[PDB]
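Atom set for the values below is all heavy atoms of this structure, side chains included, hydrogens, waters and symmetry mates excluded. Atoms within a ligand are numbered from 1 in the order they appear, just like the ligands themselves. Nothing fancy with the numbering, it's 1 onward along the sequence.
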Amino acid sequence: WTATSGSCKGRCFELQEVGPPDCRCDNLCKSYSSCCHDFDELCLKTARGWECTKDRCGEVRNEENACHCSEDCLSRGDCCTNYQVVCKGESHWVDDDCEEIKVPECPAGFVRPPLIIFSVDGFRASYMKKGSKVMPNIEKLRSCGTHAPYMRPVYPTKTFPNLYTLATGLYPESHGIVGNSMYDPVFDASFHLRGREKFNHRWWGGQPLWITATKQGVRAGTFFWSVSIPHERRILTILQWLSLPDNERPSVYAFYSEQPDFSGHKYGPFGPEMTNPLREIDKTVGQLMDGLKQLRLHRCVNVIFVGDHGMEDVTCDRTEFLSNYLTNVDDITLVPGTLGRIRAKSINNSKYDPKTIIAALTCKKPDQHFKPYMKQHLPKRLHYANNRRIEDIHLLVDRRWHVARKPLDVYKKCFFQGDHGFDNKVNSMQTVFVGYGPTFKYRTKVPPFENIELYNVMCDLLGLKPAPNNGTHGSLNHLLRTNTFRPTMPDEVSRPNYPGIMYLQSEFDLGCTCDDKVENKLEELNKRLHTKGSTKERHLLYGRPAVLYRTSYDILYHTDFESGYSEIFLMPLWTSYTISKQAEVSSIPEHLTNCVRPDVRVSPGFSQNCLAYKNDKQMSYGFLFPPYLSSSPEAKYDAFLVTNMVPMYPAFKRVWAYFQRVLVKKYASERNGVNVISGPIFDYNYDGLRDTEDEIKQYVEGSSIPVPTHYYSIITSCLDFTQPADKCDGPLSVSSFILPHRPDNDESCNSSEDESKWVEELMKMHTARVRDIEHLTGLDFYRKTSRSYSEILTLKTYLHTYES
Ligand SMILES: *[C@@H]1O[C@H](CO)[C@@H](O[C@@H]2O[C@H](CO)[C@@H](O[C@H]3O[C@H](CO[C@H]4O[C@H](CO)[C@@H](O)[C@H](O[C@H]5O[C@H](CO)[C@@H](O)[C@H](O)[C@@H]5O[C@H]5O[C@H](CO)[C@@H](O)[C@H](O)[C@@H]5O)[C@@H]4O)[C@@H](O)[C@H](O[C@H]4O[C@H](CO)[C@@H](O)[C@H](O)[C@@H]4O[C@H]4O[C@H](CO)[C@@H](O)[C@H](O)[C@@H]4O)[C@@H]3O)[C@H](O)[C@H]2NC(C)=O)[C@H](O)[C@H]1NC(C)=O
Ligand SMILES: Cn1c(-c2cc(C3COC3)on2)cnc1COc1cc(Cl)c(C#N)cc1C(C)(C)C
Ligand SMILES: [Ca+2]
Ligand SMILES: [Ca+2]
Ligand SMILES: [Cl-]
Ligand SMILES: [K+]
Ligand code: NA
């Protein structure tokens, strides 16, 4: 209940919220049914539209007008954005030549260049090129400022998850807005686009930019705009706020457009009807920039033009129905559409079996346009599991498709031709970034990057210390003319041990065997050199990874590879080796098929044992440095050390063996040598972070040998592929993966076929950034290179996406 009978007289678009039941005069008031009775009359004037004409020039001020062409308007801050053009012979900003902004050119009283975020819903990356001839204001920002060819949104590629990621630098699993609709099982409440529930603060976690700003004494405009406030009025409100006195004026502003999303849904991304919304958004940018130029702020303000997601061709007829797969379809709730999330209809049910639901949804039709997953099995690059609002069962839907529960859900609601929400690596989902202003570079192209990184940059732009978030601070330094953040490497926490030969063979009782009793001094000092790190410069190209937590581990050197061997987890944390373009693949000789050898540098008590693998009828083992790539028959024995062994499901060994035997050599042929770092990952609580020992839920039967959730590899080479990986003078090129360690290959529908028809497709889907692996391992890679730390931070955030 409000007392809506105060007045907005002198408080239109006031920045401090007045609390119930005084009546309100701000953007939210509409959505709360709490506006004063005169808000429309005073605050939402429309009379005479939004443009000066010659006849209005010099007019007598009439306060009923939407905007003003009177002589006093620049001082009152309320001229129509085109006043100076019509009434004073000035040019539109778009018609002026691009001129470099080397320093901020601000009116007196400006302590810092303001930031304006201009967000556009559904603005697909390729609109920058395909629509360029109708968006001259946007094209100027883009060619004269700093731009990327595209920006990668977060998953799901929906509006609220992405805008709240922009604001926080957090993954949706961390900020809590994990979908455009959601059910919270603790709240027993649903969030939707319609309704008042979405307004409750309990949904929205982390610390958004506007709060970061305010806590540190920097004032912010609104980031929420009521749908009924026309764009022209949002722009005029921002320009009025920018004319406030120094002590009252905000430093950070946002503008949001519902377009082109709203039309894209109706017409598809490139429907003929989409030309006009692009023209309209462009006009709005022109208004803003003419408005800045009137107020002498067009060489002072930093402008970010950014989208939340793209838009794909999706029609009612490309819908998969769960009713065609399940008998028990009335026992589930589905969050439908361009993703699927499934939970039980009733928690008063011990009868609900997710395993039977998954099984009924797996590889059932040859054409199937979705894939089911337990959420902890989703590609770790999606970071989409560690929240109670994400249901255990997920369906990743193919681009261009929808999933629904039953046909009536689609006809008892074709409306639509476009939609979004797919996998964030999908080309059609990519969106836009442009930065223009004194703090951005001039006429500069940067590589594609992720929207999670922008929070740190917006903080830098405003001199704010960012709250803890998921960006990598410094990875986007190359966007900026002047950086206030100087990244430095984390300090190594655990120093390695460097063990020599300390144990006799008969001290081990590991139940292993090997055929290795097959006896020259020229090659007896030569192998000694190898166990002490004589080839270490070849196999460890970027220094040893730093261990960033407290543990006990050993560096072990070998002719063909180096490792960091954990005495706690009884296996390498990492294994590093280089394969040249020239290198040969060889087989495991017959006599060595089951060979495992004690490592005399490592005590029996800190070693794995073969007996446990014999006794564990589910679990087998593989090797991190692959025997197939031994430099010599003699070096091959080192690959069979117990210290190179790791636990592997037979089903996973199909994947791993094909990678090691076929793919590593291919990459070395294509990339002119590769350096590989491989290791295990333990993430039993699916938080994206290295598990402590006491979080491990599975061991090799009757042992302390922990079972990894995942295996990674980081594959690095020279960006200039005319140089070999091991003698690169310049920038590097990387691709990485995090493969789930699963006891079946149900995820790959063609897995009954030869590995050459399915393994690589799997690995591509589980592409990863180096940073992802860092979080999962507590390692820090690329410690010793000739490259700047900023550049290395960009490299660590790169994702190889495998789109055309
Ligand atoms: C991406 O970036 C983010 C941000 O840096 C990072 O997320 C951070 O992860 C940290 C480690 O997991 C975690 O640390 C502590 O969490 C709590 C503090 O909780 C509150 O306070 C902060 C600060 O203002 C809030 O941000 C935080 O918000 C979260 O929870 C809200 C509801 O409370 C929610 O609205 C919001 O969206 C957010 O939810 C998310 O996080 C929670 C967990 O925090 C998840 O469960 C959700 O799913 C969602 O993902 C909170 O309001 C501390 O109390 C913890 O302390 C533990 O652990 C100690 C380790 O030093 C240990 O020594 C102590 O014993 C202590 O244990 C005690 O409690 C145990 C668990 O409850 C108990 O078993 C035990 O026996 C004992 O009593 C953590 O130090 C941050 O909160 C988290 N922040 C955010 C915003 O998410 C991500 O990790 C990265 N992602 C990647 C992949 O890099
Ligand atoms: C998305 N939106 C809506 C809106 C209302 C509805 C209804 C129709 O049915 C749902 O839809 N959209 C109104 N104003 C905004 C802008 O919100 C933002 C804009 C920016 Cl630039 C940033 C950042 N950084 C953050 C936000 C959030 C506040 C976090 C959402
Ligand atoms: Ca959107
Ligand atoms: Ca974990
Ligand atoms: Cl915005
Ligand atoms: K076994
Ligand atoms: Na299969």
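- Remark: ligand 2 atoms within the under-4.0 Å shell around heavy atoms of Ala167 are 24 (N).
- In summary, the side chains of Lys796 and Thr472 do not present any donor paired with an acceptor at a separation below 3.5 Å, with no hydrogens or angles considered.
- Closest heavy-atom approach to atom 20 (C) of ligand 2 among the candidates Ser119, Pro161, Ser226: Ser119.
- For atom 18 (C) of ligand 2, the nearest non-hydrogen atom from the set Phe160, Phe224, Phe223 comes from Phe223.
- Given atom 29 (C) of ligand 2, the protein heavy atom at minimum distance is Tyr164 CD1, 3.7 Å.
- Summary of contacts: the protein heavy atom closest to atom 10 (C) of ligand 2 is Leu193 O, 3.2 Å.
- The aromatic rings of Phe255 and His231 lie perpendicular to each other, with more than 60° between the two planes, well past the 30° mark.
- With sequence neighbours left out, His741 forms a ring pair (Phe, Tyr, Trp, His ring centres under 6.0 Å) with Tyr649, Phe652, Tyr711.
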For each nitrogen or oxygen atom of ligand 1, which protein N/O atoms lie closer than 3.5 Å, and how far apart are they, rounded to 0.1 Å?
from, atom 1, to, atom 2, distance (Å)
ligand 1, 2 (O), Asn470, OD1, 3.4
ligand 1, 2 (O), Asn470, ND2, 2.3
ligand 1, 37 (O), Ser174, O, 2.6
ligand 1, 48 (O), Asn386, O, 2.6
ligand 1, 50 (O), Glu173, O, 2.7
ligand 1, 50 (O), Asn386, O, 3.0
ligand 1, 91 (N), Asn470, ND2, 3.0

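- Evaluation of the ring pair (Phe, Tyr, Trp, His ring centres under 6.0 Å) rule for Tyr455 yields no partner, not counting sequence neighbours.
- If you put the vertex on the Na ion (ligand 7), O of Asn745 and O of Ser748 sit 80° apart, to the nearest 10°.
- When ring centroids are compared, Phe305 and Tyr436 stay outside the 6.0 Å threshold.
- The 12-atom threshold is not exceeded at CZ of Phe262, counting heavy atoms of other residues, nucleotides or ligands nearer than 6.0 Å.
- When the options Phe118, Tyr256, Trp210 are ranked by their closest heavy atom to atom 2 (N) of ligand 2, first place goes to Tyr256.
- Checking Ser751 against the Na ion (ligand 7), an N/O/S atom falls under the 3.0 Å cut-off.
- Closest protein heavy atom to atom 1 (C) of ligand 2: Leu163 CD1, 3.2 Å.
- A distance below 2.5 Å between sulfur gamma atoms is not met by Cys25 and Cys35.
- Residues passing the disulfide bond (SG atoms under 2.5 Å apart) test with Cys459: none are found, sequence neighbours excluded.
- Between the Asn386 side chain and the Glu173 main chain, no donor and acceptor come within less than 3.5 Å of each other.
- In summary, of the residues considered (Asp772, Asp683, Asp687), a salt bridge (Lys or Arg N to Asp or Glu O under 4.0 Å) with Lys380 occurs for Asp683 alone.
- Using bins of under 30°, 30° to 60° and over 60° for the plane-to-plane angle, the ring pair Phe223/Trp210 lands in the tilted bin.
- Between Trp225, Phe255, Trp204, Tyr253, it is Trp225 that holds the heavy atom closest to atom 14 (N) of ligand 2.
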